[PDB]
Asker: 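Below is one structure. I have some questions about it.
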Amino acid sequence: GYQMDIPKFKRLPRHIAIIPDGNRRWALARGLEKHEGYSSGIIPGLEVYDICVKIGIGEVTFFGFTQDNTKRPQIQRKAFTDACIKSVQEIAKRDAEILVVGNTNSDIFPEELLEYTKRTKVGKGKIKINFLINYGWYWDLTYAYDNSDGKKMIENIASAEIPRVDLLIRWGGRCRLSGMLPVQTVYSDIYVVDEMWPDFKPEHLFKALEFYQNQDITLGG
Amino acid sequence: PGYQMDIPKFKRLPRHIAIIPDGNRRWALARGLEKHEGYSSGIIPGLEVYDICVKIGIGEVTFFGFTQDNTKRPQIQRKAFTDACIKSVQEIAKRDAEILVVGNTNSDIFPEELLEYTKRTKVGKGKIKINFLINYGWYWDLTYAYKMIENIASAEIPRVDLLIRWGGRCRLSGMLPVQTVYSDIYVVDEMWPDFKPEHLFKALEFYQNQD
Ligand SMILES: CC(C)=CCC/C(C)=C/CC/C(C)=C/COC(CO)CO
Ligand SMILES: CC(C)=CCC/C(C)=C/CC/C(C)=C/COC(CO)CO
């Protein structure tokens, strides 16, 4: 990417979840149409990827779009779907183990991303990058209720390949999960960046990691 | 002008508030008390939240009491938080509420005293729903189903609009994963025993400012 001066951390999360929210508000603030902000959301994700590789984060899960999101106008659906496709394809030009998780039994799931629905090594690998594409919390839990029993259910949710989230970072100033991986996020420390996702700065992630290293982790204990 | 600051008028209210009354052990340690001594100082704060919610007309409040995960803690701490949870429900039972306790009753950790409240119980004039999670667990809740999603253990408890957590941590600690998927979360840095009405007022200001 480009040269940064990255702070030293005493403790790092194994698995970060990213909610790249605020693209529509960012676009409206600059006098663009709501849907135009998604096309300015790709380079921020590449900056997150570059920082995580440099500091040695093992796994990053990006919130792409949910089944709930596909209720929005067509022009928005096309914009966020196009940006999700480009994002996965950009990580595919780099060093990663890519996994896409979402409901592939839908016309809404992009054909371009089917190849990534089993973990796929690109370049040298050595960081796990997950994308939630046509994901839904309800679809995720009900996958287990249908296809499992009892103790087995939890192990058989749709997102079962994605492990517990240590740190969840959300851009766009809202403090809410928007149904991201309810099972993996029961204990996650949540950090909210007030700036919209397209206004990403390395300091956003540095401040989130400073927050994480200051937390007492009990995982329900 | 009066003893207490007046309860503000809010332009938007949540239908359902979740409360995580965290920080009791850190509060106790900071005062030079033993870890388990914080819990008994967390009961009056709950009654203050109850009183304020009745005054503004909040429809439903769910209090995080203790989880199955929490019963991994030392016996002296388990007895302290269990005793304080029992007292809390009994104090609401002397007032005006529709009380529901949700939790795994199939345990010698679940207090016999609260079995009568595992079906929704109208006390006094009712007019507010008060829920307590007692020996609750997210894993127990989701697996209880064994349509299935609508038959989770906590099915009677609706979507949480606003979740307020004391003790400065921004995390759910497995509180109602299904009901909290879209919840707005407000964190109070002060430990729960240091509850002030302004904590709840600022949380409600936060909620009414959301889009
Ligand atoms: C690693 C890389 C390269 C990109 C990762 C970030 C990403 C998926 C950017 C695509 C833009 C996008 C649809 C963000 C999703 O925002 C959601 C919440 O607000 C839905 O509207
Ligand atoms: C409505 C009323 C009156 C009281 C409700 C609050 C209550 C049950 C107090 C009881 C003691 C207490 C605070 C327990 C909470 O501790 C948990 C959080 O950290 C442990 O996991």
Side-chain angles (χ1 to χ4, degrees), chain A residues 21-22 24-25 28 66-68 135-157 164-170 172-192 208 211-212 214-221, chain B residues 18 22-23 25-26 29 64 66-74 77-78 136-152 159-165 167-187 189 203 206-207 209-211:
Chain A
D21 194 38
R24 292 184 303 169
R25 279 171 288 159
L28 282 178
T66 63
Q67 296 198 294
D68 235 298
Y135 173 84
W137 66 268
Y138 185 93
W139 165 82
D140 191 10
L141 295 180
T142 58
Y143 196 91
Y145 291 129
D146 289 333
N147 304 130
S148 297
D149 296 48
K151 205 203 97 297
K152 220 75 191 177
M153 188 269 285
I154 220 70
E155 298 164 351
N156 291 120
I157 60 179
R164 179 177 53 73
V165 169
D166 296 293
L167 176 64
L168 185 145
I169 318 171
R170 181 165 180 143
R174 304 193 207 294
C175 193
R176 62 158 60 189
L177 292 182
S178 297
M180 187 174 192
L181 299 171
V183 174
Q184 295 93 332
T185 61
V186 286
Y187 311 127
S188 310
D189 296 293
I190 301 160
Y191 186 84
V192 176
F211 160 78
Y212 176 78
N214 292 339
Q215 300 317 115
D216 295 326
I217 305 301
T218 78
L219 304 180
Chain B
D22 193 38
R25 298 183 300 168
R26 283 167 289 156
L29 286 181
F64 184 118
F66 74 85
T67 62
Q68 296 193 295
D69 285 346
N70 289 341
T71 73
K72 295 190 291 196
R73 290 174 186 187
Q77 290 179 35
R78 302 201 289 261
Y136 171 87
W138 65 267
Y139 181 96
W140 165 83
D141 190 7
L142 292 179
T143 60
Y144 190 85
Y146 290 90
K147 204 86 76 177
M148 294 219 164
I149 194 78
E150 303 176 333
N151 293 122
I152 59 177
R159 183 151 291 168
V160 170
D161 298 292
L162 177 63
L163 183 147
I164 319 166
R165 177 162 185 149
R169 294 169 184 153
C170 195
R171 78 162 77 130
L172 298 179
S173 292
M175 188 174 193
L176 298 173
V178 168
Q179 292 94 334
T180 57
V181 289
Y182 303 122
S183 305
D184 298 296
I185 303 160
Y186 186 84
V187 177
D189 288 345
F206 158 78
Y207 182 74
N209 295 350
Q210 299 312 112
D211 298 19

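We name chains A, B, ... by the order of the sequence lines, and we start the count at 1 in each one. All values below come from the heavy atoms of this structure, side chains included, with hydrogens, waters and symmetry mates left out.
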Asker: Tell me, out of B:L142, B:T71, B:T67, who's got the most heavy-atom pairs with chain A below 4.5 Å.
Answerer: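 Ranked by heavy-atom pairs under 4.5 Å with chain A, first place is B:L142.
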Asker: Give the member of A:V192, A:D146, A:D216, A:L168 that has the highest number of heavy-atom pairs under 4.5 Å with chain B.
Answerer: A:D216
Asker: With sequence neighbours excluded, what pairs up with A:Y212 under the side-chain contact (heavy atoms from CB on, under 4.5 Å) test?
Answerer: A:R11, A:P13, A:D166, A:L167, A:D189, A:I217
Asker: Look at the side chain of B:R169 and the backbone N and O of A:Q215, then say whether any donor-acceptor pair between them is shorter than 3.5 Å.
Answerer: no
Asker: So, A:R176 side chain and B:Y182 main chain: donor-acceptor pair closer than 3.5 Å or not?
Answerer: yes
Asker: With chain B, which of A:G150, A:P182, A:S148 has the greatest number of heavy-atom pairs at distances under 4.5 Å?
Answerer: A:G150
Asker: With a 4.5 angstrom heavy-atom cut-off, is it the side chain or the backbone of B:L176 that approaches chain A, or both, or neither?
Answerer: neither
Asker: Is a donor on one side and an acceptor on the other found under 3.5 Å between the side chain of B:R165 and the backbone of B:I185?
Answerer: no
Asker: Quick one: list whatever passes side-chain contact (heavy atoms from CB on, under 4.5 Å) with B:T143, sequence neighbours left out.
Answerer: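 Result, side-chain contact (heavy atoms from CB on, under 4.5 Å) vs B:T143: A:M153, B:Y139.
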Asker: Checking heavy atoms, do the side chain of B:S183, its backbone, both or neither come under 4.5 Å from chain A?
Answerer: backbone
Asker: Can you tell me which of B:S173, B:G137, B:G168 forms the most heavy-atom pairs within a distance under 4.5 Å of chain A?
Answerer: B:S173
